[PDB]
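The structure under discussion appears below in the form of structure tokens.
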Amino acid sequence: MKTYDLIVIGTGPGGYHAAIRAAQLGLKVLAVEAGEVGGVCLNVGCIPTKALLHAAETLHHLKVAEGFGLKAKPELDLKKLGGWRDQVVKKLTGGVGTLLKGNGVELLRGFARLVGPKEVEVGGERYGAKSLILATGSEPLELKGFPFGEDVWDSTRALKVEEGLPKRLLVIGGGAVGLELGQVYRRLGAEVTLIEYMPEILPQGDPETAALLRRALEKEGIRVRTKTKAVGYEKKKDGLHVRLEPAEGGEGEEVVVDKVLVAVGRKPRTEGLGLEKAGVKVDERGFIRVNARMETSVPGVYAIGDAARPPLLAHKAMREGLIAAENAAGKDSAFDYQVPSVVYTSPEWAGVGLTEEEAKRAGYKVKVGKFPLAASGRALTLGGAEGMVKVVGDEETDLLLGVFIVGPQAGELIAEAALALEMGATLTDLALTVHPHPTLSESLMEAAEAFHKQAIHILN
Amino acid sequence: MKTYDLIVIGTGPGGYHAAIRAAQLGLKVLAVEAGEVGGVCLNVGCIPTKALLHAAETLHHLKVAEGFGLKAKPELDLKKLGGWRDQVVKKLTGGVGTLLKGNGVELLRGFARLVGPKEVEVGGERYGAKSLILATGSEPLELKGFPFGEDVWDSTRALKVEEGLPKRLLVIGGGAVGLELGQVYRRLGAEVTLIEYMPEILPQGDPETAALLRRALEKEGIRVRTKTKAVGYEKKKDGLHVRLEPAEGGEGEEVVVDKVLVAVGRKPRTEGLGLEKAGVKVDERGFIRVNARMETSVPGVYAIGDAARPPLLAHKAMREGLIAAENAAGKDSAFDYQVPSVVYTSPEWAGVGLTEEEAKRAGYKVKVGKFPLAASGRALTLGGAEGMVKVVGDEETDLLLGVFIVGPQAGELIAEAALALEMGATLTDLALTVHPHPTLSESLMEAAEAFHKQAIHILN
Amino acid sequence: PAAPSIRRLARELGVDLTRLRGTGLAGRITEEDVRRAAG
Ligand SMILES: Cc1cc2nc3c(=O)[nH]c(=O)nc-3n(C[C@H](O)[C@H](O)[C@H](O)COP(=O)(O)OP(=O)(O)OC[C@H]3O[C@@H](n4cnc5c(N)ncnc54)[C@H](O)[C@@H]3O)c2cc1C
Ligand SMILES: Cc1cc2nc3c(=O)[nH]c(=O)nc-3n(C[C@H](O)[C@H](O)[C@H](O)COP(=O)(O)OP(=O)(O)OC[C@H]3O[C@@H](n4cnc5c(N)ncnc54)[C@H](O)[C@@H]3O)c2cc1C
């Protein structure tokens with residue numbers, strides 16, 4: 001029986017943040033990892049996908065570049081691209097390993113399973129601690145009628161673009177994963193059709209900015225079918241005959257592709273984890289029930305990231321890991337923050353706060369401000385606008401409630417919006433902050449001006 | 001017949017913002033422009049320079065792109081580039097004219113001169129108004145021993161890259177203008193030597209982040225010589241023999257180049273404007289004296305932008321124009337905002353608030369936090385992590401005082417810092433905002449954590 | 001310092017922020033603080 005102050009299961013964004021923070025706070029920590037250090041985000045999620053998207057955007061932008069004199073006959077070596085992707089991933093995961101050891105955290109490789117409230121079994125050996133933090137993450141969610149196989153891919157397989165690009169790809173799911181991977185394949189030369197059950201892509205975010213992203217993707221040749229669901233498929237000589245139907249069911253239609261990417265969600269990795277031997281409550285979907293302190297139904301046992309609750313985002317997991325670590329260390333921390341969401345497509349999509357509908361439901365007197373990128377000098381100097389900023393606020397208190405952005409660098413600009421919400425900023429605070437000219441960030445400032453009908457670069 | 005409530009002299013960022021805001025508040029406006037609508041920023045400043053920088057960065061990044069399989073033999077046609085640059089400028093300046101007209105603003109072409117406290121003369125005709133807003137901008141500052149000519153360019157001439165790139169270029173001045181145009185020319189194939197009189201480039205900004213920018217430029221082959229001044233030169237058969245000398249003087253040295261770019265500053269266009277006939281006070285440097293309300297020594301007469309006071313920045317002029325217009329309209333607005341400054345080189349440089357030295361001078365218990373981009377996952381997915389974020393704050397109150405950034409998108413990230421300062425954020429506020437992962441904006445959050453000695457992605 | 005909106009509101013209402021003691025979190029001046037001082 002080897003003991004520690006804390007045992008962290010999983011070294012993904014959540015787990016390694018928890019391990020490190022706890023260590024900084026004086027705790028003796030043991031971190032357990034069954035696969036690659038760094039979790040999904042660094043190995044088969046955020047990182048490799050962002051890498052591929054950057055290469056795709058670089059290639060894509062050359063078409064606009066011909067417009068300003070850049071002549072070139074681009075040829076993209078997919079094996080070399082995959083190599084760079086692997087290189088980036090290795091650098092970052094090795095980096096996490098050095099951070100853990102540099103902080104004095106003990107790393108044990110193997111699959112950890114609880115055998116009790118405060119005891120874990122790994123490789124037949126027992127380990128105990130005063131506090132446990134469950135950061136097991138999630139995995140690709142299977143879709144009825146589309147079992148993963150040689151022709152039905154999950155996001156991990158989709159990352160391996162060097163294993164041959166299909167001529168025709170069908171993407172199931174209009175969330176961040178489907179959209180990003182759909183655009184990567186499209187830019188790399190494939191025909192791409194994406195289907196989404198809900199009325200609009202990114203059903204969790206603002207419909208207006210999401211629609212603008214969809215139209216932009218459609219302009220690139222990506223066929224997007226909303227209010228449509230995939231029911232099944234039949235493999236024939238000419239390809240996979242996929243059967244589609246209206247969301248609410250009805251007349252069936254068919255589409256033929258070479259491969260299918262299923263990106264309809266994630267399943268928390270909470271089965272076979274010994275939770276039923278420790279008394280840890282799990283909800284119907286597999287998520288470990290937790291409170292703002294990230295505490296489970298069992299005192300001293302915390303759960304964070306994808307294993308604890310949606311949204312299944314990295315920065316969220318990271319912050320949750322810090323909260324759980326701090327409390328395990330004796331502090332009184334709690335998670336009560338605005339969590340932004342970003343889609344790294346081109347244009348990018350980003351959002352934080354309340355959508356127009358959520359604000360209304362919350363009882364606010366909803367008012368909005370909008371600013372198109374077409375009126376942006378910076379957008380023009382970057383090769384041409386394509387997007388908009390929408391701010392949602394209360395017409396009575398002038399409080400900023402939500403921000404949605406579609407355009408280049410949307411992901412970088414949403415942090416300012418996140419800060420604004422945390423600081424309790426009003427639309428006037430945002431409008432009165434002097435944003436640098438010329439920059440894409442100005443769109444947030446002018447959207448705020450537009451909210452008060454006094455934007456300068458557009459007629460009100 | 002035809003009377004006006006307000007006459008705005010100049011349609012640069014300051015002037016057209018003043019005219020438009022005044023029109024929005026119900027004033028009858030007359031805007032006078034002696035040259036191209038849009039002023040320096042849109043015609044020969046911000047816009048054309050940023051367009052050239054983008055083209056150069058697009059070409060430059062292809063070298064890193066070869067690393068991920070993008071093979072090509074890029075060739076940049078300067079004539080085509082110049083045409084696009086011209087297109088971007090025309091599109092925007094035409095947009096300003098459209099906005100002015102759309103707001104009911106009367107545009108008069110000619111050079112305006114005051115002939116009294118509230119009367120202006122343009123082309124022999126007289127116009128009067130209860131309010132006058134002076135937004136005449138500035139012009140390239142001439143340097144002793146380097147009068148502008150065929151071989152000695154100002155920034156305007158330097159913009160015409162399609163008129164023959166010099167084999168060897170000497171840039172005098174390590175400010176935003178010299179650095180940006182210097183990098184453009186270097187990336188276009190010219191050998192570039194840049195001299196700065198001060199000990200470090202961007203002498204008004206943080207020396208640490210500024211130094212990192214200098215090192216990056218030196219890596220590209222730009223020979224930067226700080227603590228060095230240009231004394232004079234003499235045209236010879238093989239080129240211009242320029243005499244360099246230490247800032248303090250002494251050891252004389254000569255460098256041979258084909259062209260000299262003088263970017264040592266600007267001079268406010270306040271002479272021959274009739275200020276002495278109106279009673280408007282001007283300081284020794286030529287700037288129109290104004291208070292927080294942008295009011296001059298003459299009631300009803302305001303001055304904004306470059307003509308009013310440094311820093312000579314566009315977003316500042318735009319805000320000052322809004323304040324002046326609002327005050328001319330009977331409101332009571334004052335300029336008390338944080339003004340960020342951006343250098344659009346690659347990597348970019350941006351800063352806002354107080355440097356360590358200034359914070360110390362103001363009596364704060366200076367403490368800093370630093371986060372290197374080499375530890376950024378997003379930076380790596382973009383093909384290179386080179387830069388850093390430094391936050392300056394007070395150790396006792398935890399109040400944020402300044403933020404300096406060097407790296408890609410620094411100009412976009414600085415907006416978050418400006419808002420933070422405007423909202424009186426503490427380092428804890430900055431660190432607690434959940435920044436999206438992976439993004440470059442995360443560097444601000446982590447720099448804040450580092451300030452508290454608990455950054456995660458780097459040892460503390 | 002106070003947020004832009006509060007500083008602007010103070011000018012509008014003729015309130016001198018340097019004479020006020022905020023009742024917000026860490027002495028932060030609120031909009032109601034300004035309105036309360038105004039009349
Ligand atoms: C293609 C794709 C792209 C994405 N892009 C983004 C993006 O751009 N931004 C974003 O915010 N999010 C993105 N996400 C989601 C993001 O990856 C997750 O939110 C994040 O990885 C969750 O962190 P985590 O620490 O909770 O879990 P995970 O990273 O999954 O890590 C859990 C770790 O625990 C290990 N583990 C599990 N069970 C055990 C056990 N019993 N014993 C020992 N070790 C165990 C796993 O091997 C793993 O390393 C993306 C996801 C995908 C699929
Ligand atoms: C190469 C270069 C790059 C720059 N890049 C940036 C950048 O990236 N970001 C930034 O913030 N700043 C930048 N600047 C500085 C920025 O351009 C100025 O701060 C900004 O244009 C100032 O606006 P303004 O309205 O005060 O003056 P100006 O834009 O100069 O406009 C004044 C206008 O008044 C007209 N005028 C003058 N006198 C009269 C008269 N008597 N009668 C009638 N009309 C008159 C002029 O013709 C002009 O159109 C750059 C400058 C240069 C040279």
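Note on naming: chains are A, B, ... as they come in the structure tokens, residues start from 1 per chain, ligands start from 1 in the order shown.
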List every residue of chain A that has an atom at most 10 Å from any atom of chain C, and for each one report the closest atom pair and its distance in Å to one decimal, counting only C-alpha atoms, with rows sorted by chain and then by increasing residue number, as a Markdown table.
```
| residue | atom | partner | partner_atom | distance |
| --- | --- | --- | --- | --- |
| A:397 | CA | C:31 | CA | 9.7 |
| A:398 | CA | C:5 | CA | 9.6 |
| A:423 | CA | C:3 | CA | 9.5 |
| A:424 | CA | C:3 | CA | 9.7 |
| A:425 | CA | C:3 | CA | 7.8 |
| A:426 | CA | C:5 | CA | 7.2 |
| A:427 | CA | C:5 | CA | 8.5 |
| A:428 | CA | C:5 | CA | 5.5 |
| A:429 | CA | C:4 | CA | 5.1 |
| A:430 | CA | C:4 | CA | 8.3 |
| A:431 | CA | C:4 | CA | 8.9 |
| A:432 | CA | C:4 | CA | 6.0 |
| A:433 | CA | C:4 | CA | 7.3 |
```
Dump as a CSV table (one decimal), in the first residue's frame, selection limited to N, CA and C atoms:
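Output (result_35.csv):
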```
chain,number,residue,atom,x,y,z
A,397,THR,N,-30.3,47.8,-18.2
A,397,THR,CA,-29.1,48.0,-17.4
A,397,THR,C,-27.8,48.2,-18.2
A,398,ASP,N,-27.9,47.9,-19.5
A,398,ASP,CA,-26.8,48.0,-20.4
A,398,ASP,C,-25.7,47.0,-20.2
A,423,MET,N,-15.9,40.7,-15.6
A,423,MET,CA,-15.8,42.0,-14.9
A,423,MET,C,-17.1,42.8,-14.8
A,424,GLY,N,-18.2,42.2,-15.3
A,424,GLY,CA,-19.5,42.9,-15.2
A,424,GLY,C,-19.6,44.1,-16.1
A,425,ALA,N,-18.9,44.1,-17.3
A,425,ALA,CA,-18.9,45.2,-18.2
A,425,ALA,C,-20.3,45.4,-18.8
A,426,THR,N,-20.5,46.7,-19.2
A,426,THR,CA,-21.7,47.1,-19.9
A,426,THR,C,-21.3,47.3,-21.3
A,427,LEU,N,-22.3,47.5,-22.2
A,427,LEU,CA,-22.0,47.7,-23.6
A,427,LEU,C,-21.2,49.0,-23.8
A,428,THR,N,-21.5,49.9,-22.9
A,428,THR,CA,-20.8,51.2,-22.9
A,428,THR,C,-19.3,51.0,-22.5
A,429,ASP,N,-19.0,50.2,-21.6
A,429,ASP,CA,-17.6,49.9,-21.2
A,429,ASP,C,-16.8,49.4,-22.4
A,430,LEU,N,-17.5,48.5,-23.1
A,430,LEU,CA,-16.8,47.9,-24.3
A,430,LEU,C,-16.6,48.9,-25.4
A,431,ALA,N,-17.7,49.7,-25.6
A,431,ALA,CA,-17.6,50.7,-26.7
A,431,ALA,C,-16.6,51.8,-26.3
A,432,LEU,N,-16.4,52.1,-25.0
A,432,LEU,CA,-15.5,53.1,-24.6
A,432,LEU,C,-14.0,52.6,-24.4
A,433,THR,N,-13.8,51.3,-24.6
A,433,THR,CA,-12.4,50.8,-24.5
A,433,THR,C,-11.8,51.2,-25.8
```
Quick one: everything within 10 Å of segment 292-309 of chain B, counting only C-alpha atoms, minus sequence neighbours fewer than 4 positions away in the same chain. Send it as a PyMOL selection string. chain B and resi 6-9+12-15+18+117-118+129-139+266-270+278-283+285-288+313-328+332-336
Test item: residues at most 9 Å from residue 28 of chain C, only C-alpha atoms, excluding those fewer than 6 positions along its chain, as an MDAnalysis selection string: (chainID B and resid 424) or (chainID C and resid 1:2 21:22)
Write down, as a list in words, each residue of chain B that has any atom within 6 Å of an atom of chain A, counting only C-alpha atoms. residues 51, 68, 69, 70, 71, 72, 73, 74, 75, 76, 77, 80, 81, 84, 314, 315, 381, 412, 415, 416, 419, 433, 435, 436, 437 and 441 of chain B
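Using only C-alpha atoms, the shortest contact distance between residue 111 of chain A and any of A:257, A:23, A:32, A:264 is found at A:32.
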Let's see if you can do this: from backbone DSSP, list all strand (DSSP E or B) residues in segment 241-297 of chain A, as a ChimeraX atom specification. /A:241-246,253-257,259-262,266-268,282,288,295
Can those selected residues be exported to a file as a PDB file, in the first residue's frame so that it contains N, CA and C atoms?
```pdb
ATOM      1  N   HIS A 241     -23.837   3.876 -49.581  1.00  0.00           N
ATOM      2  CA  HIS A 241     -25.121   4.516 -49.815  1.00  0.00           C
ATOM      3  C   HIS A 241     -25.732   4.833 -48.462  1.00  0.00           C
ATOM      4  N   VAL A 242     -25.595   6.088 -48.049  1.00  0.00           N
ATOM      5  CA  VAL A 242     -26.104   6.529 -46.761  1.00  0.00           C
ATOM      6  C   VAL A 242     -27.538   7.036 -46.852  1.00  0.00           C
ATOM      7  N   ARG A 243     -28.388   6.534 -45.960  1.00  0.00           N
ATOM      8  CA  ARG A 243     -29.791   6.926 -45.920  1.00  0.00           C
ATOM      9  C   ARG A 243     -29.994   8.080 -44.945  1.00  0.00           C
ATOM     10  N   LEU A 244     -30.571   9.166 -45.447  1.00  0.00           N
ATOM     11  CA  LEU A 244     -30.835  10.341 -44.632  1.00  0.00           C
ATOM     12  C   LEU A 244     -32.344  10.522 -44.527  1.00  0.00           C
ATOM     13  N   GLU A 245     -32.785  11.197 -43.474  1.00  0.00           N
ATOM     14  CA  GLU A 245     -34.205  11.453 -43.264  1.00  0.00           C
ATOM     15  C   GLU A 245     -34.365  12.765 -42.513  1.00  0.00           C
ATOM     16  N   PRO A 246     -35.556  13.378 -42.592  1.00  0.00           N
ATOM     17  CA  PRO A 246     -35.767  14.638 -41.876  1.00  0.00           C
ATOM     18  C   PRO A 246     -35.554  14.359 -40.388  1.00  0.00           C
ATOM     19  N   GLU A 253     -33.904   9.890 -48.071  1.00  0.00           N
ATOM     20  CA  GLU A 253     -33.109  10.304 -49.217  1.00  0.00           C
ATOM     21  C   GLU A 253     -31.766   9.605 -49.077  1.00  0.00           C
ATOM     22  N   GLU A 254     -31.010   9.543 -50.162  1.00  0.00           N
ATOM     23  CA  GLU A 254     -29.725   8.868 -50.129  1.00  0.00           C
ATOM     24  C   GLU A 254     -28.587   9.713 -50.692  1.00  0.00           C
ATOM     25  N   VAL A 255     -27.390   9.486 -50.161  1.00  0.00           N
ATOM     26  CA  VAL A 255     -26.189  10.183 -50.601  1.00  0.00           C
ATOM     27  C   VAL A 255     -25.085   9.131 -50.669  1.00  0.00           C
ATOM     28  N   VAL A 256     -24.234   9.214 -51.688  1.00  0.00           N
ATOM     29  CA  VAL A 256     -23.153   8.249 -51.855  1.00  0.00           C
ATOM     30  C   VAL A 256     -21.776   8.865 -51.621  1.00  0.00           C
ATOM     31  N   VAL A 257     -21.021   8.275 -50.699  1.00  0.00           N
ATOM     32  CA  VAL A 257     -19.682   8.754 -50.381  1.00  0.00           C
ATOM     33  C   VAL A 257     -18.725   7.574 -50.238  1.00  0.00           C
ATOM     34  N   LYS A 259     -16.226   7.466 -47.638  1.00  0.00           N
ATOM     35  CA  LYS A 259     -15.996   7.272 -46.213  1.00  0.00           C
ATOM     36  C   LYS A 259     -16.987   8.105 -45.413  1.00  0.00           C
ATOM     37  N   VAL A 260     -17.181   7.728 -44.155  1.00  0.00           N
ATOM     38  CA  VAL A 260     -18.083   8.453 -43.274  1.00  0.00           C
ATOM     39  C   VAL A 260     -17.387   8.796 -41.961  1.00  0.00           C
ATOM     40  N   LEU A 261     -17.507  10.053 -41.546  1.00  0.00           N
ATOM     41  CA  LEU A 261     -16.932  10.501 -40.285  1.00  0.00           C
ATOM     42  C   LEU A 261     -18.084  10.763 -39.328  1.00  0.00           C
ATOM     43  N   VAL A 262     -18.104  10.036 -38.220  1.00  0.00           N
ATOM     44  CA  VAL A 262     -19.148  10.210 -37.224  1.00  0.00           C
ATOM     45  C   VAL A 262     -18.615  11.109 -36.116  1.00  0.00           C
ATOM     46  N   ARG A 266     -19.430  12.779 -27.594  1.00  0.00           N
ATOM     47  CA  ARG A 266     -18.430  12.062 -26.820  1.00  0.00           C
ATOM     48  C   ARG A 266     -19.120  11.267 -25.717  1.00  0.00           C
ATOM     49  N   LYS A 267     -18.458  10.208 -25.264  1.00  0.00           N
ATOM     50  CA  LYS A 267     -18.967   9.362 -24.188  1.00  0.00           C
ATOM     51  C   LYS A 267     -17.936   9.408 -23.056  1.00  0.00           C
ATOM     52  N   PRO A 268     -18.340   9.849 -21.851  1.00  0.00           N
ATOM     53  CA  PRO A 268     -17.371   9.908 -20.752  1.00  0.00           C
ATOM     54  C   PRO A 268     -16.837   8.527 -20.376  1.00  0.00           C
ATOM     55  N   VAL A 282     -23.064   8.418 -10.671  1.00  0.00           N
ATOM     56  CA  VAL A 282     -22.929   8.773 -12.080  1.00  0.00           C
ATOM     57  C   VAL A 282     -24.331   8.954 -12.668  1.00  0.00           C
ATOM     58  N   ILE A 288     -19.883  11.832 -14.129  1.00  0.00           N
ATOM     59  CA  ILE A 288     -19.754  11.756 -12.681  1.00  0.00           C
ATOM     60  C   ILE A 288     -20.370  13.022 -12.087  1.00  0.00           C
ATOM     61  N   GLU A 295     -16.646  18.384  -6.399  1.00  0.00           N
ATOM     62  CA  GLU A 295     -16.759  17.255  -5.479  1.00  0.00           C
ATOM     63  C   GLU A 295     -17.827  16.270  -5.935  1.00  0.00           C
TER      64      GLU A 295
END
```
Mind the document's chain letters and residue numbers, and return as an mmCIF file with N, CA, C and O atoms, in the first residue's frame the residues of chain C that DSSP labels helix (DSSP H, G or I).
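The result, stored in result-v2.cif:
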```
data_model
loop_
_atom_site.group_PDB
_atom_site.id
_atom_site.type_symbol
_atom_site.label_atom_id
_atom_site.label_comp_id
_atom_site.auth_asym_id
_atom_site.auth_seq_id
_atom_site.Cartn_x
_atom_site.Cartn_y
_atom_site.Cartn_z
ATOM 1 N N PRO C 4 -15.238 52.675 -17.674
ATOM 2 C CA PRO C 4 -15.574 53.776 -18.582
ATOM 3 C C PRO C 4 -17.006 54.297 -18.448
ATOM 4 O O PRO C 4 -17.229 55.502 -18.415
ATOM 5 N N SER C 5 -17.961 53.380 -18.366
ATOM 6 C CA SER C 5 -19.375 53.733 -18.261
ATOM 7 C C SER C 5 -19.697 54.515 -16.992
ATOM 8 O O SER C 5 -20.554 55.406 -16.991
ATOM 9 N N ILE C 6 -19.023 54.159 -15.907
ATOM 10 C CA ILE C 6 -19.223 54.830 -14.627
ATOM 11 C C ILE C 6 -18.568 56.208 -14.650
ATOM 12 O O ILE C 6 -19.125 57.182 -14.140
ATOM 13 N N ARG C 7 -17.385 56.288 -15.250
ATOM 14 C CA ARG C 7 -16.688 57.561 -15.339
ATOM 15 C C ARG C 7 -17.513 58.517 -16.195
ATOM 16 O O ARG C 7 -17.649 59.700 -15.874
ATOM 17 N N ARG C 8 -18.070 57.996 -17.286
ATOM 18 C CA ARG C 8 -18.876 58.811 -18.187
ATOM 19 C C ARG C 8 -20.171 59.254 -17.507
ATOM 20 O O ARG C 8 -20.565 60.413 -17.610
ATOM 21 N N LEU C 9 -20.823 58.335 -16.801
ATOM 22 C CA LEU C 9 -22.068 58.648 -16.103
ATOM 23 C C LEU C 9 -21.821 59.736 -15.052
ATOM 24 O O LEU C 9 -22.649 60.623 -14.853
ATOM 25 N N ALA C 10 -20.676 59.667 -14.382
ATOM 26 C CA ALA C 10 -20.341 60.650 -13.353
ATOM 27 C C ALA C 10 -20.235 62.058 -13.951
ATOM 28 O O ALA C 10 -20.687 63.036 -13.349
ATOM 29 N N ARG C 11 -19.646 62.159 -15.137
ATOM 30 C CA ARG C 11 -19.519 63.453 -15.795
ATOM 31 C C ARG C 11 -20.907 63.961 -16.154
ATOM 32 O O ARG C 11 -21.216 65.143 -15.991
ATOM 33 N N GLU C 12 -21.736 63.058 -16.656
ATOM 34 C CA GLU C 12 -23.092 63.405 -17.052
ATOM 35 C C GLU C 12 -23.902 63.929 -15.867
ATOM 36 O O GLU C 12 -24.589 64.942 -15.974
ATOM 37 N N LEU C 13 -23.809 63.239 -14.735
ATOM 38 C CA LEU C 13 -24.558 63.623 -13.542
ATOM 39 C C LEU C 13 -23.874 64.658 -12.654
ATOM 40 O O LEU C 13 -24.418 65.035 -11.619
ATOM 41 N N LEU C 17 -16.127 61.557 -8.827
ATOM 42 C CA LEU C 17 -15.772 60.239 -8.317
ATOM 43 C C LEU C 17 -14.713 60.242 -7.216
ATOM 44 O O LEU C 17 -14.742 59.379 -6.342
ATOM 45 N N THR C 18 -13.788 61.200 -7.247
ATOM 46 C CA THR C 18 -12.737 61.240 -6.231
ATOM 47 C C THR C 18 -13.269 61.548 -4.837
ATOM 48 O O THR C 18 -12.541 61.409 -3.853
ATOM 49 N N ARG C 19 -14.530 61.969 -4.752
ATOM 50 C CA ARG C 19 -15.145 62.285 -3.465
ATOM 51 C C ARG C 19 -16.023 61.139 -2.983
ATOM 52 O O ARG C 19 -16.598 61.205 -1.892
ATOM 53 N N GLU C 31 -22.721 51.868 -10.370
ATOM 54 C CA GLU C 31 -23.545 52.857 -11.042
ATOM 55 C C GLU C 31 -24.475 53.484 -10.019
ATOM 56 O O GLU C 31 -24.698 54.694 -10.029
ATOM 57 N N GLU C 32 -25.019 52.657 -9.133
ATOM 58 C CA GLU C 32 -25.925 53.163 -8.117
ATOM 59 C C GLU C 32 -25.196 54.095 -7.154
ATOM 60 O O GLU C 32 -25.801 55.005 -6.595
ATOM 61 N N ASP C 33 -23.898 53.873 -6.966
ATOM 62 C CA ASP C 33 -23.107 54.741 -6.098
ATOM 63 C C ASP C 33 -23.127 56.138 -6.707
ATOM 64 O O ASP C 33 -23.288 57.137 -6.008
ATOM 65 N N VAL C 34 -22.956 56.201 -8.021
ATOM 66 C CA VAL C 34 -22.937 57.480 -8.716
ATOM 67 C C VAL C 34 -24.306 58.152 -8.663
ATOM 68 O O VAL C 34 -24.416 59.339 -8.354
ATOM 69 N N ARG C 35 -25.348 57.383 -8.961
ATOM 70 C CA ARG C 35 -26.706 57.916 -8.947
ATOM 71 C C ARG C 35 -27.110 58.368 -7.551
ATOM 72 O O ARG C 35 -27.798 59.376 -7.394
ATOM 73 N N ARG C 36 -26.672 57.630 -6.539
ATOM 74 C CA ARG C 36 -26.996 57.981 -5.163
ATOM 75 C C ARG C 36 -26.351 59.316 -4.796
ATOM 76 O O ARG C 36 -26.976 60.170 -4.167
ATOM 77 N N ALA C 37 -25.099 59.499 -5.204
ATOM 78 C CA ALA C 37 -24.380 60.736 -4.914
ATOM 79 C C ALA C 37 -24.932 61.924 -5.694
ATOM 80 O O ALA C 37 -24.865 63.061 -5.231
ATOM 81 N N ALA C 38 -25.476 61.654 -6.877
ATOM 82 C CA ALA C 38 -26.019 62.698 -7.744
ATOM 83 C C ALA C 38 -27.201 63.474 -7.174
ATOM 84 O O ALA C 38 -27.376 64.653 -7.481
#
```
Nearby residues (only C-alpha atoms) at most 12 Å from residue 121 of chain A, same-chain spacing under 3 positions excluded, as a PyMOL selection string: chain A and resi 1-3+7+9+32+108+110-118+124-129+272-274+277
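If you measure from each of B:443, B:155, B:43, B:346 to ligand 2 using only C-alpha atoms and all ligand atoms, the closest one turns out to be B:155.
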